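*Asks:* Got model26.txt for you, compact mmCIF, N, CA and C atoms:
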# COMPACT_ATOMS: atom_id res chain seq x y z
N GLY A 630 1.26 -29.78 14.20
CA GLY A 630 0.98 -31.16 13.73
C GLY A 630 -0.51 -31.44 13.63
N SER A 631 -1.17 -30.80 12.67
CA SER A 631 -2.60 -30.99 12.47
C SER A 631 -2.87 -31.89 11.27
N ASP A 632 -2.22 -31.61 10.15
CA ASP A 632 -2.39 -32.41 8.95
C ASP A 632 -1.05 -32.69 8.27
N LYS A 633 -0.71 -31.89 7.27
CA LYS A 633 0.53 -32.04 6.53
C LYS A 633 1.73 -32.09 7.47
N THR A 634 1.71 -31.23 8.49
CA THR A 634 2.81 -31.18 9.46
C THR A 634 2.54 -30.19 10.58
N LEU A 635 1.67 -29.24 10.30
CA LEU A 635 1.30 -28.22 11.27
C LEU A 635 0.32 -27.22 10.67
N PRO A 636 0.72 -26.54 9.58
CA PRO A 636 -0.15 -25.57 8.93
C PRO A 636 -1.45 -26.23 8.49
N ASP A 637 -1.41 -27.56 8.39
CA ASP A 637 -2.57 -28.36 8.01
C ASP A 637 -3.52 -27.61 7.08
N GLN A 638 -2.93 -26.88 6.14
CA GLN A 638 -3.69 -26.10 5.17
C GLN A 638 -4.85 -25.36 5.83
N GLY A 639 -4.52 -24.57 6.85
CA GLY A 639 -5.53 -23.81 7.56
C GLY A 639 -5.13 -22.37 7.77
N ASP A 640 -3.89 -22.17 8.22
CA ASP A 640 -3.38 -20.82 8.46
C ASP A 640 -2.51 -20.35 7.29
N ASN A 641 -1.91 -21.30 6.59
CA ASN A 641 -1.06 -20.99 5.45
C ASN A 641 -1.14 -22.09 4.39
N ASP A 642 -2.29 -22.19 3.73
CA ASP A 642 -2.49 -23.19 2.70
C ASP A 642 -2.20 -22.63 1.31
N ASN A 643 -2.37 -21.32 1.17
CA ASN A 643 -2.13 -20.64 -0.10
C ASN A 643 -0.66 -20.67 -0.50
N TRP A 644 0.22 -20.87 0.48
CA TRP A 644 1.66 -20.90 0.21
C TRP A 644 1.98 -21.81 -0.98
N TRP A 645 1.16 -22.83 -1.18
CA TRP A 645 1.37 -23.77 -2.28
C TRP A 645 0.06 -24.10 -2.99
N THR A 646 -0.98 -23.31 -2.74
CA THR A 646 -2.28 -23.54 -3.37
C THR A 646 -3.12 -22.26 -3.42
N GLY A 647 -2.45 -21.12 -3.39
CA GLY A 647 -3.15 -19.85 -3.43
C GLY A 647 -2.40 -18.80 -4.23
N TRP A 648 -1.55 -18.04 -3.55
CA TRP A 648 -0.76 -17.00 -4.20
C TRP A 648 0.36 -17.60 -5.05
N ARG A 649 0.72 -18.85 -4.75
CA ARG A 649 1.76 -19.55 -5.49
C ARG A 649 1.18 -20.22 -6.72
N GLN A 650 -0.15 -20.34 -6.74
CA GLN A 650 -0.84 -20.96 -7.86
C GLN A 650 -0.74 -20.09 -9.11
N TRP A 651 -0.55 -18.79 -8.90
CA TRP A 651 -0.44 -17.85 -10.01
C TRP A 651 0.27 -16.57 -9.58
N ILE A 652 1.51 -16.71 -9.11
CA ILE A 652 2.29 -15.55 -8.68
C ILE A 652 2.60 -14.63 -9.85
N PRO A 653 3.08 -15.21 -10.98
CA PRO A 653 3.42 -14.45 -12.17
C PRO A 653 2.24 -14.27 -13.12
N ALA A 654 1.91 -15.33 -13.86
CA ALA A 654 0.80 -15.30 -14.81
C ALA A 654 0.83 -16.52 -15.72
N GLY A 655 0.18 -17.59 -15.28
CA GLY A 655 0.15 -18.81 -16.06
C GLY A 655 1.08 -19.87 -15.53
N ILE A 656 1.02 -20.10 -14.22
CA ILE A 656 1.87 -21.09 -13.57
C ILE A 656 1.03 -22.24 -13.00
N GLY A 657 -0.17 -21.91 -12.53
CA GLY A 657 -1.05 -22.91 -11.97
C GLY A 657 -2.45 -22.82 -12.54
N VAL A 658 -2.98 -21.60 -12.57
CA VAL A 658 -4.31 -21.37 -13.11
C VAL A 658 -4.30 -21.56 -14.61
N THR A 659 -3.26 -21.03 -15.25
CA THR A 659 -3.09 -21.16 -16.68
C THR A 659 -1.79 -21.91 -16.98
N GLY A 660 -0.92 -22.01 -15.96
CA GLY A 660 0.34 -22.71 -16.13
C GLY A 660 0.18 -24.21 -15.96
N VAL A 661 -0.45 -24.61 -14.86
CA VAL A 661 -0.67 -26.03 -14.57
C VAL A 661 -1.90 -26.54 -15.30
N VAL A 662 -3.05 -25.95 -14.98
CA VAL A 662 -4.32 -26.33 -15.59
C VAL A 662 -4.18 -26.56 -17.09
N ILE A 663 -3.29 -25.80 -17.71
CA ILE A 663 -3.06 -25.92 -19.14
C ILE A 663 -2.25 -27.16 -19.48
N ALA A 664 -1.28 -27.48 -18.63
CA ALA A 664 -0.43 -28.65 -18.84
C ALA A 664 -1.12 -29.92 -18.36
N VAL A 665 -2.05 -29.77 -17.42
CA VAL A 665 -2.78 -30.91 -16.88
C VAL A 665 -3.97 -31.25 -17.77
N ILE A 666 -4.67 -30.21 -18.20
CA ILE A 666 -5.83 -30.36 -19.06
C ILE A 666 -5.42 -30.87 -20.43
N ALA A 667 -4.26 -30.40 -20.90
CA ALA A 667 -3.74 -30.80 -22.20
C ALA A 667 -3.98 -32.29 -22.45
N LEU A 668 -3.89 -33.08 -21.38
CA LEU A 668 -4.10 -34.51 -21.47
C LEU A 668 -5.59 -34.84 -21.37
N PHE A 669 -6.18 -34.52 -20.22
CA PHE A 669 -7.60 -34.78 -19.99
C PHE A 669 -8.45 -34.21 -21.13
N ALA A 670 -7.92 -33.18 -21.77
CA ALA A 670 -8.61 -32.53 -22.88
C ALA A 670 -8.64 -33.44 -24.11
N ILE A 671 -7.69 -34.38 -24.18
CA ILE A 671 -7.63 -35.30 -25.30
C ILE A 671 -8.52 -36.51 -25.06
N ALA A 672 -8.59 -36.92 -23.81
CA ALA A 672 -9.41 -38.05 -23.43
C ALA A 672 -10.87 -37.78 -23.74
N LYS A 673 -11.25 -36.52 -23.63
CA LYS A 673 -12.62 -36.11 -23.92
C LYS A 673 -12.77 -35.73 -25.39
N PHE A 674 -11.64 -35.48 -26.05
CA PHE A 674 -11.65 -35.11 -27.46
C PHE A 674 -11.59 -36.34 -28.34
N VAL A 675 -10.86 -37.36 -27.89
CA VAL A 675 -10.72 -38.59 -28.65
C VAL A 675 -11.70 -39.65 -28.18
N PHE A 676 -12.22 -39.48 -26.97
CA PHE A 676 -13.18 -40.42 -26.41
C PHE A 676 -14.45 -39.71 -25.94
Could you quickly redo this structure as structure tokens?
*Replies:*
Amino acid sequence: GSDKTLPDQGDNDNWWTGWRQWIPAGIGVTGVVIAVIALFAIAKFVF
């Protein structure tokens, strides 16, 4: 019980922000960032 519940993103933070960010190829680094930027990319493109 340090932060989130115990792991407090210290001993096992990659579980959902490291190796899971790109286990296959394009899930978070290119998978998420691409789906997230798709929007922010327009805000800077149209504005």
*Asks:* At what distance in Å, to one decimal, does CA of residue 644 (chain A) lie from CA of residue 666 (chain A)?
*Replies:*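 Value for the CA of residue 666 (chain A)-CA of residue 644 (chain A) distance: 22.7 Å.
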*Asks:* Find the distance between atom C of residue 674 (chain A) and atom N of residue 657 (chain A) and write it in Å to one decimal.
*Replies:*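 Computing the Euclidean distance for atom C of residue 674 (chain A) and atom N of residue 657 (chain A) yields 24.3 Å.
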*Asks:* Would you work out the distance separating CA of residue 654 (chain A) from CA of residue 641 (chain A), expressed in Å to one decimal?
*Replies:* 21.1 Å
*Asks:* DSSP on the backbone: what in chain A comes out helix (DSSP H, G or I), as a ChimeraX atom specification?
*Replies:* /A:643-645,661-675
*Asks:* Please determine an axis-aligned box that encloses all atoms of region 659-676 of chain A listed in the file, with 6 Å added on each side, and express its centre and edge lengths in Å to one decimal as AutoDock Vina command-line options.
*Replies:*
--center_x -7.1 --center_y -30.7 --center_z -21.6 --size_x 26.8 --size_y 31.4 --size_z 26.1
*Asks:* May I have the residues within 12 Å of residue 646 (chain A) as a list in words, using only C-alpha atoms and disregarding those fewer than 5 positions away in the same chain?
*Replies:*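 Non-adjacent residues within range: residues 638, 639, 641, 651, 652, 656, 657, 658 and 661 of chain A.
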*Asks:* Mind completing region 645-666 of chain A with N, CA, C and O atoms? Output as an mmCIF file, in the coordinates of the input, please?
*Replies:*
data_model
loop_
_atom_site.group_PDB
_atom_site.id
_atom_site.type_symbol
_atom_site.label_atom_id
_atom_site.label_comp_id
_atom_site.auth_asym_id
_atom_site.auth_seq_id
_atom_site.Cartn_x
_atom_site.Cartn_y
_atom_site.Cartn_z
ATOM 1 N N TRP A 645 1.160 -22.830 -1.180
ATOM 2 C CA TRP A 645 1.370 -23.770 -2.280
ATOM 3 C C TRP A 645 0.060 -24.100 -2.990
ATOM 4 O O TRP A 645 -0.008 -25.063 -3.755
ATOM 5 N N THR A 646 -0.980 -23.310 -2.740
ATOM 6 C CA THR A 646 -2.280 -23.540 -3.370
ATOM 7 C C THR A 646 -3.120 -22.260 -3.420
ATOM 8 O O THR A 646 -4.345 -22.318 -3.484
ATOM 9 N N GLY A 647 -2.450 -21.120 -3.390
ATOM 10 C CA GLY A 647 -3.150 -19.850 -3.430
ATOM 11 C C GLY A 647 -2.400 -18.800 -4.230
ATOM 12 O O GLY A 647 -2.584 -18.682 -5.443
ATOM 13 N N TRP A 648 -1.550 -18.040 -3.550
ATOM 14 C CA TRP A 648 -0.760 -17.000 -4.200
ATOM 15 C C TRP A 648 0.360 -17.600 -5.050
ATOM 16 O O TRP A 648 0.872 -16.958 -5.963
ATOM 17 N N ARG A 649 0.720 -18.850 -4.750
ATOM 18 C CA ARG A 649 1.760 -19.550 -5.490
ATOM 19 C C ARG A 649 1.180 -20.220 -6.720
ATOM 20 O O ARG A 649 1.902 -20.625 -7.627
ATOM 21 N N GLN A 650 -0.150 -20.340 -6.740
ATOM 22 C CA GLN A 650 -0.840 -20.960 -7.860
ATOM 23 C C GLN A 650 -0.740 -20.090 -9.110
ATOM 24 O O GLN A 650 -0.848 -20.580 -10.231
ATOM 25 N N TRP A 651 -0.550 -18.790 -8.900
ATOM 26 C CA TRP A 651 -0.440 -17.850 -10.010
ATOM 27 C C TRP A 651 0.270 -16.570 -9.580
ATOM 28 O O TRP A 651 -0.286 -15.472 -9.678
ATOM 29 N N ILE A 652 1.510 -16.710 -9.110
ATOM 30 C CA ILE A 652 2.290 -15.550 -8.680
ATOM 31 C C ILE A 652 2.600 -14.630 -9.850
ATOM 32 O O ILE A 652 2.428 -13.419 -9.767
ATOM 33 N N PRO A 653 3.080 -15.210 -10.980
ATOM 34 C CA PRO A 653 3.420 -14.450 -12.170
ATOM 35 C C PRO A 653 2.240 -14.270 -13.120
ATOM 36 O O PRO A 653 1.637 -13.202 -13.181
ATOM 37 N N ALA A 654 1.910 -15.330 -13.860
ATOM 38 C CA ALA A 654 0.800 -15.300 -14.810
ATOM 39 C C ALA A 654 0.830 -16.520 -15.720
ATOM 40 O O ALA A 654 1.426 -16.491 -16.793
ATOM 41 N N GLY A 655 0.180 -17.590 -15.280
ATOM 42 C CA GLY A 655 0.150 -18.810 -16.060
ATOM 43 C C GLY A 655 1.080 -19.870 -15.530
ATOM 44 O O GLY A 655 1.843 -20.477 -16.283
ATOM 45 N N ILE A 656 1.020 -20.100 -14.220
ATOM 46 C CA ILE A 656 1.870 -21.090 -13.570
ATOM 47 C C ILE A 656 1.030 -22.240 -13.000
ATOM 48 O O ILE A 656 1.464 -23.389 -12.988
ATOM 49 N N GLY A 657 -0.170 -21.910 -12.530
ATOM 50 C CA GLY A 657 -1.050 -22.910 -11.970
ATOM 51 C C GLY A 657 -2.450 -22.820 -12.540
ATOM 52 O O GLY A 657 -3.027 -23.818 -12.966
ATOM 53 N N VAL A 658 -2.980 -21.600 -12.570
ATOM 54 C CA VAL A 658 -4.310 -21.370 -13.110
ATOM 55 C C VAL A 658 -4.300 -21.560 -14.610
ATOM 56 O O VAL A 658 -5.188 -22.197 -15.182
ATOM 57 N N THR A 659 -3.260 -21.030 -15.250
ATOM 58 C CA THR A 659 -3.090 -21.160 -16.680
ATOM 59 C C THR A 659 -1.790 -21.910 -16.980
ATOM 60 O O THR A 659 -1.573 -22.391 -18.085
ATOM 61 N N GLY A 660 -0.920 -22.010 -15.960
ATOM 62 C CA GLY A 660 0.340 -22.710 -16.130
ATOM 63 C C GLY A 660 0.180 -24.210 -15.960
ATOM 64 O O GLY A 660 0.625 -24.985 -16.807
ATOM 65 N N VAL A 661 -0.450 -24.610 -14.860
ATOM 66 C CA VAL A 661 -0.670 -26.030 -14.570
ATOM 67 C C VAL A 661 -1.900 -26.540 -15.300
ATOM 68 O O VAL A 661 -1.816 -27.445 -16.130
ATOM 69 N N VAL A 662 -3.050 -25.950 -14.980
ATOM 70 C CA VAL A 662 -4.320 -26.330 -15.590
ATOM 71 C C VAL A 662 -4.180 -26.560 -17.090
ATOM 72 O O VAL A 662 -4.865 -27.398 -17.663
ATOM 73 N N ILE A 663 -3.290 -25.800 -17.710
ATOM 74 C CA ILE A 663 -3.060 -25.920 -19.140
ATOM 75 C C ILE A 663 -2.250 -27.160 -19.480
ATOM 76 O O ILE A 663 -2.495 -27.818 -20.492
ATOM 77 N N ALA A 664 -1.280 -27.480 -18.630
ATOM 78 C CA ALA A 664 -0.430 -28.650 -18.840
ATOM 79 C C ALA A 664 -1.120 -29.920 -18.360
ATOM 80 O O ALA A 664 -0.821 -31.016 -18.834
ATOM 81 N N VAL A 665 -2.050 -29.770 -17.420
ATOM 82 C CA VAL A 665 -2.780 -30.910 -16.880
ATOM 83 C C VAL A 665 -3.970 -31.250 -17.770
ATOM 84 O O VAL A 665 -4.236 -32.418 -18.068
ATOM 85 N N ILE A 666 -4.670 -30.210 -18.200
ATOM 86 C CA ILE A 666 -5.830 -30.360 -19.060
ATOM 87 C C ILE A 666 -5.420 -30.870 -20.430
ATOM 88 O O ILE A 666 -6.122 -31.656 -21.050
#
